[PDB]
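*Asks:* I am attaching a structure below and will ask some questions about it afterwards.
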Protein chains: 8
Amino acid sequence: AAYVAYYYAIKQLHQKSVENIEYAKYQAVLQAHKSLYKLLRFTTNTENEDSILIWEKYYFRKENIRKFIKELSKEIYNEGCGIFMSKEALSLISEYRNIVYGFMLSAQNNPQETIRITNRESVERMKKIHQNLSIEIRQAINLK
Amino acid sequence: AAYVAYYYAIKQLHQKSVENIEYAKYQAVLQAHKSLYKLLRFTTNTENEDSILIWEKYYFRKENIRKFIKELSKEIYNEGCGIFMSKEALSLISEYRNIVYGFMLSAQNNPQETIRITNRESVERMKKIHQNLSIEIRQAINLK
Amino acid sequence: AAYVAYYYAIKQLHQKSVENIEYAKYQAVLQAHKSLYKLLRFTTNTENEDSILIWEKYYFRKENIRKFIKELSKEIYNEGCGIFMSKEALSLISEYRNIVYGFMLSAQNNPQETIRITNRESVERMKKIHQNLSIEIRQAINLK
Amino acid sequence: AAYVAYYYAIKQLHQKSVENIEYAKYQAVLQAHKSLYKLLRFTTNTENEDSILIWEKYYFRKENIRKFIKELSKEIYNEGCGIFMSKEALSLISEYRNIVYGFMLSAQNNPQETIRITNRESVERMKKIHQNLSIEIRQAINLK
Amino acid sequence: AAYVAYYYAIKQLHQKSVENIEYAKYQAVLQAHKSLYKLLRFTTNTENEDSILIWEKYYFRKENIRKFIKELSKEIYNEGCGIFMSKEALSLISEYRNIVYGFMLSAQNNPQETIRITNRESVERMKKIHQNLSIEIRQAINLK
Amino acid sequence: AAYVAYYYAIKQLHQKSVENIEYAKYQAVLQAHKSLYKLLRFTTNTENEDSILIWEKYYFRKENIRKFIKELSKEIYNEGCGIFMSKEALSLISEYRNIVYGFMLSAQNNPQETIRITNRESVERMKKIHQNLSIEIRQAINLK
Amino acid sequence: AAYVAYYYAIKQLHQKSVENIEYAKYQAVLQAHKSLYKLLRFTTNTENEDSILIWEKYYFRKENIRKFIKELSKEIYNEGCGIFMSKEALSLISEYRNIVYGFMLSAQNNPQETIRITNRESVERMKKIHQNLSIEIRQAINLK
Amino acid sequence: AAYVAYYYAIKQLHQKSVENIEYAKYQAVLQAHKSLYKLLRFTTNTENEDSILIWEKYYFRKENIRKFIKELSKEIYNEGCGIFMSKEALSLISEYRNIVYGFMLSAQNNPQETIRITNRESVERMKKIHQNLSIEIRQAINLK
């Protein structure tokens, strides 16, 4: 029993470092995701001040894709968010980026803004990413 | 008894790390709701400097709906409030938004500001949302 | 005894979360009321730089009611005070607001500033609200 | 005696929770009085850069009473001092205010600054208030 | 023994909140005296950039007395130092002030700066105050 | 048992002080790497606003190498990152630097921007460094 | 041991916040000396951007003595360093000051800058003060 | 055992106060070295934006020695680094300074920038100092 107690004593305090450090990392994670969430306004399935896609009854793309790409670069790298976010969150963002980026590449000599999307697979996939990404960000700080 | 004591010890400290993270999240929640509350001035059932609806004795809408939508976007996404608020609070805000947004869409070539509302269901629903939303925000930080 | 010990331990530490979070909320309450108190200068029964009512021997209203309404909106909503204040404090403020607001609505084409009040019930009620509100704010942070 | 052991412990841990709030309030009190003390320069019985009363050997009043009233309004209401100060401190300040305010009201078409006081009761009462107020402020933060 | 235990516990924890508050006051005292010390440059018995008295072999007064009085008013009242300093420190400062103030009052139509002091009692008393005041300030924060 | 107790106590508390310093260093490490991560945008294998290499289907270099070198100098030395990063992270950065630096040295009288790379070994090595460096930075703060 | 228990416990706790206050004072001492150290650049026995004395093989004085005196006044009095420094540190600084000050007083109608020192006792004493002062400042914060 | 207990208690708590002061000093040391490290860019054996020595295959000196001396003065004295750094770190910096300073003194009427070094002993010694200094700074904060 005495031997077990001593082990608990060292294991318990030791766990003191984990109690103290784990906290510091959590606080950094909380800020990294708090600042990432705003990026989701571009991926919304509701109308907004900006958005990427506009609903009609359709699904026209906007040139706000340029704003999305710039906000994306700042949050993932310049603000350091990429460190505290999971591989799943990064994968979902990367796929979304390629869908909207691809759209702009096809537009080329874009005949004004607001361009109709005829392949609905891209539309449905963007909506699914929004839901999966919103959940992955929301639960990033909800594990305690 | 000794075996149980060890289990209680581990539960007790382990709970220490949870004691320090739950606190950090609470403080973030408190700030997220403190900054959201101001949005409620637009939904008030009393007279105010601005408001959306004006009482007369009929429930005329104001063009302050534009201020509401802009303040809404900033608080939910740019300031990160959407992370720390419940699904019920978001649902209530979304419904309210659609009622006032719809009103503006009907106005189109709006014949000046201050437009009468003839369908009282929208008026009564907006008031009920104000009460439910005010309570949901108020209790967000009142669970300890 | 053993059952009480571990049961006592769960009741105790657990109370550790309440010991901390309760503290964080208290500090927010203290600031919310510290910033609300200044609003009371408008409701004073003594002379001041501004005030609403001026004593003579009377009770003339001033146009400083406009300053009161603007300060009121900022403190209750923009600064988030409304969250940390009781229903009684809000009820007292709301009644006061309606008394002074009503006065201004009656004035309409106001024949200059400083207008006599002939119905003393409003005068006595405003003074009583000042006393009740001053106490309700003062005791908001005095429960420990 | 298990119940007895449980009692004292609950009283103590509960007292630790109360220990964390009493501290927070003390710190607010300390700042509220630190900023109030400067107001006393106007009530001094010694010569100063400004003061209210000037000694000669008679007790002439200065027009610095206007500075006193403005500083008084700011400290009691705008800075929130009125919350953390006792009724005795407020009573003493209020009486002083009325003595100097009354003086200015009598002056009316004031024949320049520096006006002699012929009723020595006001002079002696102002000095006594200075001493009582200086002590009441000084001891506000000296109870531990 | 049992009676002392619980009685001892009430004496102990209770002291805990009081030990905290004592800490908060100490820190305020430390800052109040740190900012007061600079005032002593005017009372030095060595040469300096400014000083009040200049040594020659004499003891000529400078018009820097005006700087002293202004710095004195700011530190004792505007910065709140007067709260955290002892009666002895205030008495010593007050006497010094009256010696230098008196000198200026005698100068009247001052025949330029740098005026000789012929009564050496004032010179020796100012030096003694410097030493007593320097010690009283230095020990203000040295009691633990 | 007694010998282990006091010996255990010396091992324990002693650690306790080490529980704090380890924490302070961790927090510094976390910030040093948070600010280093942004440097990785230059080494990405995806398209970006800037990047070094552009994908086509060939691996053309950009003159953004100048931005990379300047950002590198600031993060490693001026911001002090070099202290809190491992030898492996520094080795990987140094090799990358020499690959891109060498490229620029070969360009000399560079025939405009966007220059093709014909030796694919450099291309594949840069991609491998990106992956190894991204992991080494990511795990720098993940050891608790 | 029972007698020691209660008395020992009171002595122990009592010490508790005295260790706290000791901490607060230490931190103030650390800052006071951190800001004093820079003053030593003037007393160096090596070449520098400024210095007081320049080595040649000599020992010419510079007019940088004026910079020394001004920096000295600011650090000892305006920044409050004089409180947290020992009598030995102050004595060493005072002697140094008088050596360089005396030099300037002898120069009078100074025949340009860079004046040779012919009495080597002053040169050797200044170097010895530098070493003693450097040690006294360095050890001021090294007693734990 | 009883004697060891109370004796052990005096050894223990006592240490406890010191485990807060040791912490405070560590944090100051960490900052002092974090800000010193940047100085090493001048001593690097790799190419850089500035550097002192440039590699060719040689070892030409640059006039950036002036930048080195100015940065050196600021970090050792004005920022207070000299307090928290070891004698070995200071000795290594001093020797380096004299090597580069000497070089500039020999240059005199310097025939433009970029001057070849023909005595390789200075070149090899500067590189060795870089390695020894880099290690001494790096380990300054790595003893826990």
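Starting from 1 in every chain, residues are counted up; chains themselves are A, B, ... following the order of the structure tokens, and ligands are numbered from 1 as listed.
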Could you give me, as a ChimeraX atom specification, each residue of segment 45-104 of chain E that DSSP assigns to helix (DSSP H, G or I) when run on this structure's backbone?

*Replies:* /E:65-78,81-83,87-104

*Asks:* Go ahead and dump the residues you just picked, N, CA and C atoms, as a compact mmCIF listing (two decimals), in the first residue's frame.

*Replies:*
# COMPACT_ATOMS: atom_id res chain seq x y z
N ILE E 65 11.49 76.95 -5.66
CA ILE E 65 10.48 76.73 -4.65
C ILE E 65 9.14 76.63 -5.36
N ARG E 66 8.93 77.38 -6.45
CA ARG E 66 7.66 77.25 -7.15
C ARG E 66 7.48 75.84 -7.72
N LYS E 67 8.57 75.19 -8.16
CA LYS E 67 8.45 73.87 -8.73
C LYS E 67 8.11 72.91 -7.61
N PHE E 68 8.73 73.12 -6.45
CA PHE E 68 8.48 72.28 -5.29
C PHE E 68 7.03 72.31 -4.89
N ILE E 69 6.45 73.50 -4.78
CA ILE E 69 5.08 73.59 -4.35
C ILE E 69 4.17 72.89 -5.36
N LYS E 70 4.39 73.09 -6.65
CA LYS E 70 3.53 72.43 -7.62
C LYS E 70 3.68 70.90 -7.58
N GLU E 71 4.90 70.39 -7.43
CA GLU E 71 5.09 68.94 -7.39
C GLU E 71 4.46 68.39 -6.13
N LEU E 72 4.54 69.14 -5.04
CA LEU E 72 3.97 68.74 -3.78
C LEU E 72 2.47 68.58 -3.87
N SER E 73 1.78 69.55 -4.47
CA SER E 73 0.34 69.45 -4.59
C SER E 73 -0.07 68.24 -5.41
N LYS E 74 0.63 68.01 -6.52
CA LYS E 74 0.28 66.88 -7.33
C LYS E 74 0.48 65.56 -6.61
N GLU E 75 1.59 65.40 -5.89
CA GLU E 75 1.80 64.10 -5.29
C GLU E 75 0.93 63.83 -4.09
N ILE E 76 0.68 64.83 -3.26
CA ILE E 76 -0.10 64.56 -2.07
C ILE E 76 -1.57 64.38 -2.40
N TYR E 77 -2.14 65.25 -3.24
CA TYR E 77 -3.55 65.12 -3.51
C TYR E 77 -3.90 64.52 -4.85
N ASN E 78 -3.39 65.06 -5.96
CA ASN E 78 -3.92 64.56 -7.24
C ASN E 78 -3.61 63.10 -7.52
N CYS E 81 -1.32 60.27 -2.93
CA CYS E 81 -0.31 59.75 -2.02
C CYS E 81 -0.69 59.92 -0.57
N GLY E 82 -1.37 61.01 -0.24
CA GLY E 82 -1.73 61.36 1.12
C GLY E 82 -2.44 60.25 1.89
N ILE E 83 -3.10 59.33 1.20
CA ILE E 83 -3.79 58.21 1.83
C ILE E 83 -2.86 57.19 2.46
N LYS E 87 1.29 60.04 9.30
CA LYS E 87 1.17 61.38 9.82
C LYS E 87 2.52 62.03 9.99
N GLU E 88 3.54 61.25 10.32
CA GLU E 88 4.85 61.81 10.49
C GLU E 88 5.38 62.30 9.15
N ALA E 89 5.18 61.54 8.08
CA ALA E 89 5.67 62.00 6.79
C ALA E 89 4.96 63.28 6.39
N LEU E 90 3.66 63.37 6.65
CA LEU E 90 2.92 64.57 6.28
C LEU E 90 3.33 65.75 7.12
N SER E 91 3.60 65.54 8.41
CA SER E 91 4.01 66.63 9.27
C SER E 91 5.34 67.19 8.81
N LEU E 92 6.30 66.32 8.47
CA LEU E 92 7.60 66.77 8.02
C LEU E 92 7.52 67.54 6.72
N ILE E 93 6.67 67.09 5.80
CA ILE E 93 6.52 67.80 4.55
C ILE E 93 5.89 69.14 4.79
N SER E 94 4.86 69.20 5.63
CA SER E 94 4.18 70.45 5.91
C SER E 94 5.13 71.47 6.51
N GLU E 95 5.97 71.06 7.48
CA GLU E 95 6.89 72.02 8.04
C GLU E 95 7.86 72.52 6.99
N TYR E 96 8.38 71.63 6.15
CA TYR E 96 9.32 72.05 5.14
C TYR E 96 8.66 73.07 4.25
N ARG E 97 7.43 72.77 3.81
CA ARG E 97 6.69 73.65 2.93
C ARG E 97 6.59 75.02 3.51
N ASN E 98 6.26 75.12 4.79
CA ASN E 98 6.12 76.43 5.39
C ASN E 98 7.45 77.18 5.47
N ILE E 99 8.57 76.48 5.60
CA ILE E 99 9.84 77.19 5.66
C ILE E 99 10.15 77.82 4.30
N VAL E 100 10.00 77.05 3.23
CA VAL E 100 10.33 77.59 1.91
C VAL E 100 9.28 78.57 1.41
N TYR E 101 8.03 78.32 1.75
CA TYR E 101 6.95 79.20 1.37
C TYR E 101 7.17 80.54 2.06
N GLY E 102 7.48 80.50 3.35
CA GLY E 102 7.72 81.71 4.11
C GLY E 102 8.81 82.54 3.48
N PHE E 103 9.87 81.87 3.03
CA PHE E 103 10.99 82.54 2.40
C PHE E 103 10.52 83.35 1.19
N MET E 104 9.70 82.72 0.35
CA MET E 104 9.19 83.38 -0.83
C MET E 104 8.30 84.56 -0.47

*Asks:* Skip residue 119 of chain E itself and residues of its chain fewer than 4 positions away, then list as a PyMOL selection string all residues within 12 Å of it, counting only C-alpha atoms.

*Replies:* chain E and resi 58-60+99+103+123-126

*Asks:* For segment 6-12 of chain H, please output as a ChimeraX atom specification all residues within 12 Å (counting only C-alpha atoms; exclusion window: fewer than 2 positions along the same chain).

*Replies:* /F:5-14,16-17 /G:1-9,11-13,15-16 /H:1-4,14-19

*Asks:* Which neighbours of residue 31 of chain C fall inside 10 Å, counting only C-alpha atoms, when residues of the same chain fewer than 4 positions from it are skipped, and could you give them as a ChimeraX atom specification?

*Replies:* /C:26-27,35-36,81,84,141 /D:28,80

*Asks:* For the residues in that selection, give me C-alpha atoms as a PDB file, in the first residue's frame.

*Replies:*
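This is the output file result-v2.pdb:
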ATOM      1  CA  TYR C  26     -19.286  38.854  -9.470  1.00  0.00           C
ATOM      2  CA  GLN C  27     -16.517  40.862 -10.999  1.00  0.00           C
ATOM      3  CA  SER C  35     -21.001  52.144 -14.779  1.00  0.00           C
ATOM      4  CA  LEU C  36     -24.754  52.311 -14.208  1.00  0.00           C
ATOM      5  CA  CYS C  81     -25.524  46.474 -18.262  1.00  0.00           C
ATOM      6  CA  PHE C  84     -26.215  41.912 -14.765  1.00  0.00           C
ATOM      7  CA  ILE C 141     -22.843  44.052  -5.268  1.00  0.00           C
TER       8      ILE C 141
ATOM      9  CA  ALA D  28     -12.622  48.446  -5.952  1.00  0.00           C
ATOM     10  CA  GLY D  80     -18.770  55.782  -9.695  1.00  0.00           C
TER      11      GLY D  80
END

*Asks:* Have a look at atom CA of residue 135 of chain B and atom CA of residue 25 of chain C and let me know their distance in Å, one decimal.

*Replies:* 17.5 Å

*Asks:* Residues of chain A no more than 7 Å from chain B, counting only C-alpha atoms: send them over as an MDAnalysis selection string.

*Replies:* chainID A and resid 19 23 34:35 37:38 41 138 144

*Asks:* Mind pulling up the distance from atom CA of residue 32 of chain C to atom CA of residue 45 of chain B?

*Replies:*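 Those two atoms sit 23.2 Å apart.
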